[PDB]
Amino acid sequence: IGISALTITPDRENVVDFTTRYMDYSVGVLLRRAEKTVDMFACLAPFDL
Amino acid sequence: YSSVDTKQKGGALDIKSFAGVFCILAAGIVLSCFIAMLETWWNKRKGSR
Numbered sequence: 519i520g521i522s523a524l525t526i527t528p529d530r531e532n533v534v535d536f537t538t539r540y541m542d543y544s545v546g547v548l549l550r551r552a553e554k555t556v557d558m559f560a561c562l563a564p565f566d567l
Numbered sequence: 814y815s816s817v818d819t820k821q822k823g824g825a826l827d828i829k830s831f832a833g834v835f836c837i838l839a840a841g842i843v844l845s846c847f848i849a850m851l852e853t854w855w856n857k858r859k860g861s862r
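Protein chains in written order, with full-length UniProt numbering: chain A, 519 to 567; chain B, 814 to 862.
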């Protein structure tokens, strides 16, 4: 028996037999809660150097 | 598919977008210099200075 975080894919299906899937995959994003602080040099940002 | 090649991203001003103001100063320099030159030439011919 194999059990792990193992995804059904046809290339694997040529070397193993999977059962019906028990869980649905997805691609996620992890982000830190966004900063709001104004840039220390926003006072000079209106013009390029 | 590009709807506009914005190139602006930081929102700063730049020389290409501002130089229309520099043209005003350059015109001032031109005219004031030419006034000085024409006065200094006419000082050859006024008879008084």
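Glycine included, every Cβ here is placed at the ideal spot set by N, Cα and C.
The ligand HEM heavy atom lying under 7 Å from the CB of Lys-820/B: The model on display carries no ligand, and the ligand HEM is accordingly not part of it.
Taking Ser-522/A as the reference, give the member of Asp-529/A, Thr-537/A and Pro-528/A with the closest Cα. Nearest of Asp-529/A, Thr-537/A and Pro-528/A to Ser-522/A, Cα basis: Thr-537/A.
Quick one: what does DSSP say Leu-567/A is sitting in, helix, strand or coil? In the structure shown, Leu-567/A adopts coil according to DSSP, grouped into three states.
Could you tell me which uninterrupted beta strand (DSSP E) segments, each at least 3 residues in length, are contained entirely in the stretch 819-856 of chain B, listed from first to last along the chain? Taken in chain order, no unbroken stretch of beta strand (DSSP E) lies wholly in the stretch 819-856 of chain B with a span of 3 residues or more.
Within 8 Å of any Cβ in chain B, is that where the Cβ of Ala-560/A sits? Between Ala-560/A and chain B, the shortest Cβ-Cβ separation is not below 8 Å.
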